[PDB]
Every structure is written in C-alpha cells, then in structure tokens.
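What follows is one structure encoded as structure tokens, with my remarks underneath.
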Amino acid sequence: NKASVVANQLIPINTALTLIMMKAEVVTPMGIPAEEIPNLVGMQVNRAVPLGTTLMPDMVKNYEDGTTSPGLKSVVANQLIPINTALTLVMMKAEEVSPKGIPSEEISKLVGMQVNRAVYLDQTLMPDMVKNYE
C-alpha cells in the first residue's frame, strides 16, 4: 500500500507541517495519505503531535477537502479572526469536516455575528466557543 503522512519529529499545537516534518511511512493506522501533500501541506494541528504521529482525522481539523459528498458541511474558519469580530460567510467556510462542530443550518442568519472568543486559522467553529444562539 502507499505510505501515509506520519510526522517524524514532534510538533507542538497549531503548527503547519512541511515536507521535512512530513514522513511518508507505511505504518498503521493508515490515516490520511500523502496525495494532497502539496495541497494541505503546512496544515496546523489541534493538539501537540508526538514523534512518528500518523495524520489522524480526530486529531486534525480540516486536514484537506478529500471528502466528496458534503451534507454534513461544518463551518470552519479557514482564516484567523480576532476575538469579537463580526465574521461572515467570507471568513467562514462551511465544508464537510470533522468533528461536526456547528453545521451551516441558519448561518445566513448568524453570519457576521461577533464572536466572544479568539479564532485561529482553519479552525472548526463550535457552539461551545460562541455565545447563545437563537
């Protein structure tokens, strides 16, 4: 089988991995492959990554758009938004990503709403970081 993207060195939290920190080794479990290496390269993680850590879906927010059928498109801040910032669909990208944070059900109504917490780059928007919805 093809090798997967397993980090050889240890990565801290929120760190874009590169070709040097990305090792294509054939280890299990076969998390995300390296076909989109040149696409999701520099992808930051949600928590600290140990040595030889394979790319996991639950450990990485939007590892890449390798999904086909959306349906469960979740809102993800592909960019960085400072606390209290009326973010709209432009800064928010409702795509199918895990885990299922906040689905774009009525986003058109909450779009441009000011957040009470700071938001980093591609981060999964959750109802725990926002105030009281409608």
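Residue names in the structure tokens use chain letters A, B, ... in the order shown, residue numbers from 1 in each chain, and ligand numbers from 1 in the order shown.
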
Original post:
Quick one: residues within 10 Å of residue 108 of chain A, only C-alpha atoms counted, chain neighbours fewer than 4 positions away excluded, as number ranges by chain?
Top reply: A: 88-89, 104, 112

Original post:
What's the 9 Å shell around residue 45 of chain A, counting only C-alpha atoms, without same-chain residues fewer than 2 positions away, as a PyMOL selection string?
Top reply: chain A and resi 11-17+43+47-49+59-61+63

Residues from the last selection, N, CA and C atoms, saved as a tab-separated table (two decimals), in the first residue's frame:
chain	number	residue	atom	x	y	z
A	11	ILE	N	5.55	17.68	16.93
A	11	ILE	CA	5.03	19.03	16.59
A	11	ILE	C	4.15	19.57	17.72
A	12	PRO	N	4.30	20.84	17.98
A	12	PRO	CA	3.50	21.49	19.05
A	12	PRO	C	2.06	21.71	18.58
A	13	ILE	N	1.33	22.57	19.23
A	13	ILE	CA	-0.08	22.82	18.81
A	13	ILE	C	-0.13	23.95	17.78
A	14	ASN	N	-1.01	23.84	16.82
A	14	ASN	CA	-1.12	24.90	15.78
A	14	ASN	C	0.22	25.06	15.05
A	15	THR	N	0.62	24.06	14.31
A	15	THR	CA	1.92	24.15	13.58
A	15	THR	C	1.77	23.59	12.16
A	16	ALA	N	2.01	24.40	11.17
A	16	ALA	CA	1.88	23.92	9.76
A	16	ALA	C	3.01	22.93	9.45
A	17	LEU	N	2.68	21.69	9.20
A	17	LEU	CA	3.74	20.69	8.90
A	17	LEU	C	4.31	20.92	7.50
A	43	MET	N	-0.39	22.16	7.07
A	43	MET	CA	-1.65	22.08	7.85
A	43	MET	C	-1.34	22.12	9.35
A	47	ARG	N	-3.77	19.78	18.46
A	47	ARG	CA	-3.07	19.49	19.75
A	47	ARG	C	-1.60	19.16	19.49
A	48	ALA	N	-0.84	18.93	20.53
A	48	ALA	CA	0.60	18.60	20.34
A	48	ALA	C	0.75	17.26	19.62
A	49	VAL	N	1.70	17.16	18.73
A	49	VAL	CA	1.90	15.87	18.00
A	49	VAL	C	3.20	15.21	18.44
A	59	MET	N	-7.59	14.10	15.20
A	59	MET	CA	-6.51	14.98	15.75
A	59	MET	C	-6.27	16.17	14.83
A	60	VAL	N	-6.78	16.12	13.63
A	60	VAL	CA	-6.59	17.25	12.68
A	60	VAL	C	-7.94	17.83	12.26
A	61	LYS	N	-8.10	19.12	12.35
A	61	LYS	CA	-9.40	19.74	11.95
A	61	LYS	C	-9.66	19.50	10.46
A	63	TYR	N	-8.04	18.60	7.67
A	63	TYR	CA	-6.78	18.10	7.05
A	63	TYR	C	-6.78	18.38	5.54

**OP:** Just list the residues in chain A DSSP gives strand (DSSP E) on the backbone, as a count of residues only.
**Re:** 19

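The coordinates place atom CA of residue 83 of chain A at 22.9 Å from atom CA of residue 105 of chain A.
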
Subject >> Near-residue 116 of chain A list (8 Å; only C-alpha atoms; drop same-chain fewer than 3 positions) as a list in words >> reply: residues 83, 84, 129, 130 and 131 of chain A

If you keep N, CA, C and O atoms, can you produce a file of those selected residues as a JSON list (two decimals), in the first residue's frame?
[["chain", "number", "residue", "atom", "x", "y", "z"],
["A", 83, "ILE", "N", -10.67, 37.93, 18.51],
["A", 83, "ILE", "CA", -11.88, 37.92, 19.39],
["A", 83, "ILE", "C", -12.85, 39.02, 18.97],
["A", 83, "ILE", "O", -12.48, 39.99, 18.34],
["A", 84, "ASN", "N", -14.10, 38.88, 19.33],
["A", 84, "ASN", "CA", -15.10, 39.93, 18.96],
["A", 84, "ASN", "C", -14.88, 40.40, 17.52],
["A", 84, "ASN", "O", -14.36, 41.47, 17.28],
["A", 129, "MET", "N", -17.74, 27.69, 21.73],
["A", 129, "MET", "CA", -16.91, 28.92, 21.70],
["A", 129, "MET", "C", -17.79, 30.14, 21.40],
["A", 129, "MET", "O", -17.38, 31.27, 21.59],
["A", 130, "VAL", "N", -18.99, 29.92, 20.94],
["A", 130, "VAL", "CA", -19.89, 31.07, 20.64],
["A", 130, "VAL", "C", -20.77, 31.39, 21.85],
["A", 130, "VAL", "O", -20.78, 30.67, 22.83],
["A", 131, "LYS", "N", -21.50, 32.47, 21.79],
["A", 131, "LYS", "CA", -22.38, 32.84, 22.94],
["A", 131, "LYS", "C", -23.69, 32.05, 22.88],
["A", 131, "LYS", "O", -23.69, 30.85, 22.70]]

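You will find atom CA of residue 122 of chain A at 5.6 Å from atom CA of residue 79 of chain A.
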
Original post:
Got a sec: who's within 12 Å of segment 94-97 of chain A, counting only C-alpha atoms, leaving out chain neighbours fewer than 3 positions off, as a PyMOL selection string?
Top reply: chain A and resi 57-78+88-91+100-108+111+122-126

Requested write-out: C-alpha atoms of the selected residues, as a tab-separated table (two decimals), in the first residue's frame:
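This is the output file part_24.tsv:
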chain	number	residue	atom	x	y	z
A	57	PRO	CA	-8.87	12.73	11.37
A	58	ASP	CA	-9.87	13.32	15.02
A	59	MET	CA	-6.51	14.98	15.75
A	60	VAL	CA	-6.59	17.25	12.68
A	61	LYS	CA	-9.40	19.74	11.95
A	62	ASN	CA	-9.70	20.30	8.17
A	63	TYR	CA	-6.78	18.10	7.05
A	64	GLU	CA	-7.98	18.69	3.45
A	65	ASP	CA	-11.03	18.63	1.15
A	66	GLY	CA	-10.59	14.92	0.32
A	67	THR	CA	-14.30	14.39	1.07
A	68	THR	CA	-16.85	14.06	-1.76
A	69	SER	CA	-20.46	14.20	-0.51
A	70	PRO	CA	-20.82	17.22	1.77
A	71	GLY	CA	-24.23	17.11	3.50
A	72	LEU	CA	-22.61	17.48	6.95
A	73	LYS	CA	-20.77	20.66	5.93
A	74	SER	CA	-19.43	22.25	9.14
A	75	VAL	CA	-18.32	25.89	9.48
A	76	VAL	CA	-14.51	26.21	9.62
A	77	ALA	CA	-12.55	29.47	10.00
A	78	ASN	CA	-10.00	28.88	7.20
A	88	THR	CA	-19.40	36.31	7.79
A	89	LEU	CA	-19.52	33.56	5.13
A	90	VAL	CA	-16.42	35.16	3.55
A	91	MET	CA	-14.24	34.28	6.57
A	100	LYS	CA	-19.08	18.03	13.36
A	101	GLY	CA	-18.82	21.41	15.13
A	102	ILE	CA	-21.58	23.81	14.01
A	103	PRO	CA	-23.45	22.93	10.81
A	104	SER	CA	-24.34	25.77	8.41
A	105	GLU	CA	-28.07	25.37	9.17
A	106	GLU	CA	-29.05	29.03	9.70
A	107	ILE	CA	-25.57	30.54	9.26
A	108	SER	CA	-27.10	33.05	6.82
A	111	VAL	CA	-23.39	35.30	9.68
A	122	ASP	CA	-8.59	26.91	9.69
A	123	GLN	CA	-10.42	26.14	12.96
A	124	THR	CA	-13.68	24.19	13.39
A	125	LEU	CA	-16.44	26.51	14.64
A	126	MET	CA	-18.26	25.01	17.65

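The residues of chain A that DSSP classifies as helix (DSSP H, G or I), using the backbone of this structure, are residues 37, 38, 39, 40, 107, 108, 109 and 110 of chain A.
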
Go ahead and dump the residues you just picked, N, CA, C and O atoms, as a PDB file, in the first residue's frame.
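Generated output (part.pdb):
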ATOM      1  N   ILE A  37      -0.381  16.079  -0.243  1.00  0.00           N
ATOM      2  CA  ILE A  37       0.768  16.712   0.464  1.00  0.00           C
ATOM      3  C   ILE A  37       0.958  18.161  -0.010  1.00  0.00           C
ATOM      4  O   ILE A  37       0.962  19.073   0.791  1.00  0.00           O
ATOM      5  N   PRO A  38       1.110  18.328  -1.298  1.00  0.00           N
ATOM      6  CA  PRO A  38       1.304  19.686  -1.869  1.00  0.00           C
ATOM      7  C   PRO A  38       0.020  20.514  -1.751  1.00  0.00           C
ATOM      8  O   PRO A  38      -0.015  21.674  -2.112  1.00  0.00           O
ATOM      9  N   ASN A  39      -1.033  19.931  -1.248  1.00  0.00           N
ATOM     10  CA  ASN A  39      -2.309  20.690  -1.111  1.00  0.00           C
ATOM     11  C   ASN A  39      -2.528  21.107   0.347  1.00  0.00           C
ATOM     12  O   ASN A  39      -2.673  22.273   0.654  1.00  0.00           O
ATOM     13  N   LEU A  40      -2.561  20.162   1.247  1.00  0.00           N
ATOM     14  CA  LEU A  40      -2.782  20.507   2.681  1.00  0.00           C
ATOM     15  C   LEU A  40      -1.446  20.706   3.413  1.00  0.00           C
ATOM     16  O   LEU A  40      -1.411  20.941   4.608  1.00  0.00           O
ATOM     17  N   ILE A 107     -26.738  29.619   9.268  1.00  0.00           N
ATOM     18  CA  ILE A 107     -25.568  30.542   9.262  1.00  0.00           C
ATOM     19  C   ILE A 107     -25.938  31.862   8.578  1.00  0.00           C
ATOM     20  O   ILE A 107     -25.533  32.926   9.002  1.00  0.00           O
ATOM     21  N   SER A 108     -26.707  31.802   7.525  1.00  0.00           N
ATOM     22  CA  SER A 108     -27.102  33.054   6.819  1.00  0.00           C
ATOM     23  C   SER A 108     -27.713  34.049   7.809  1.00  0.00           C
ATOM     24  O   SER A 108     -27.700  35.245   7.591  1.00  0.00           O
ATOM     25  N   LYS A 109     -28.251  33.565   8.896  1.00  0.00           N
ATOM     26  CA  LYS A 109     -28.864  34.484   9.897  1.00  0.00           C
ATOM     27  C   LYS A 109     -27.833  34.875  10.959  1.00  0.00           C
ATOM     28  O   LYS A 109     -27.827  35.984  11.455  1.00  0.00           O
ATOM     29  N   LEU A 110     -26.961  33.970  11.315  1.00  0.00           N
ATOM     30  CA  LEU A 110     -25.932  34.292  12.347  1.00  0.00           C
ATOM     31  C   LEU A 110     -24.651  34.804  11.681  1.00  0.00           C
ATOM     32  O   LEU A 110     -23.706  35.182  12.343  1.00  0.00           O
TER      33      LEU A 110
END

Original post:
Between A:56, A:28, A:99, A:118, which has the minimum distance to residue 86 of chain A (counting only C-alpha atoms)?
Top reply: A:118
